[PDB]
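Alright, two takes on the same chain below, each alone as C-alpha cells: structure 1 and structure 2.
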Structure 1
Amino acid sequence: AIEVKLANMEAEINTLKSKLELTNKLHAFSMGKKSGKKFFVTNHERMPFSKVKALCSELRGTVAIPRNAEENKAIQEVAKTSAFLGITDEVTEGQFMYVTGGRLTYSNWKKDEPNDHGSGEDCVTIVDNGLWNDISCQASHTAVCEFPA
C-alpha cells in the first residue's frame, strides 16, 4: 500500500511528462518550426536591444541570428519589419561578434561590415528587404527570438 501509491504517482508523473512533451512539439510545429531546423518567433513588439536579449533569455532561446541565406529569409518573413539580430560590435568596432560569441560566418550588409568611426551604432537590424545595417542598440526594433533545431 505504501509503495503502491508511490508507483501510481510516479507513473502518473510520467504521463504528465509525456503530455507536456507533445504540447511542446505541437506548439513548435504551429510556430512554424521546420523539421530538424532552428525556428524563429516574435510577439511583434519593438524594444531596445537590451530588452530583446532579456526577453529571449527568459524564454530560454536567444536573439535571432541568421547563419545562412535560408535563415536570413526565415527571420525576415517572421519579423515583417526591422528587427534586431543577435550580433554586435560593442566590444571591437567594425568587428561584429555573435552575442553568444565568435566572428561572423555569414552576413548580408547593405555594403561592407560597418565601422561607425565613433558614432556608436553597435547593434544590427535586418530590414524588410533582408539587408543588414548597424544601428543604435538604444533604438527600439522588433524582438525576434530563435530556438534550437
Structure 2
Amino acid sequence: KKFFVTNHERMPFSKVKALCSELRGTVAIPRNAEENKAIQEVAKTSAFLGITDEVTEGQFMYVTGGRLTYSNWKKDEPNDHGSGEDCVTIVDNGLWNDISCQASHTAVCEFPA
C-alpha cells in the first residue's frame, strides 16, 4: 500500500519535506511495525520520519495531519533534549529518537500504492 524511496542524501528536515513534495510524495511515516522495518531497510542509516511536535510541544503529529498513533520510541525518548528536539528520526534497530529538525538525516519519501 506504500512504497518508500530514497536518493540516500542527508539533509535537514525542511529540505526533506521540500524534496518529497517535489517528487509528489510525502515524508515517510510508518503506520505500523512492518512499514517501520521497510523504512529502516530502505534508508539503511538514520532517517527523518514525517512526524513532529513543532505545533504543541510533546504532541507528535504527522506532517499530513493527525496525532501520532503507532510509535517505536527508543527508551527514554522522546526527550526534547538540549535546546529542543521537534523532529523524529528512525535510528539503529528501527527505534525512534526525537532530534533537532536542523540535524541532517536521510531523506525517505513515501508514495501510496
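Shifts are known only where both forms have a C-alpha. All residue numbers here refer to structure 1's sequence, counted from 1. Rigid core here is just the name for the largest C-alpha set that superposes within 1.5 Å across the two forms.
Only one of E45, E113, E70, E93 has its Cα shifted by 2 Å or more between the two structures after fitting on the core, and that residue is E113. Taking the rigid core as reference, the CA displacement of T142 between the two structures comes to 0.2 Å.
Listed alone, 111 to 119 marks the only place where three or more consecutive residues have CA shifts of 2 Å or more between the two structures on superposition of the core.
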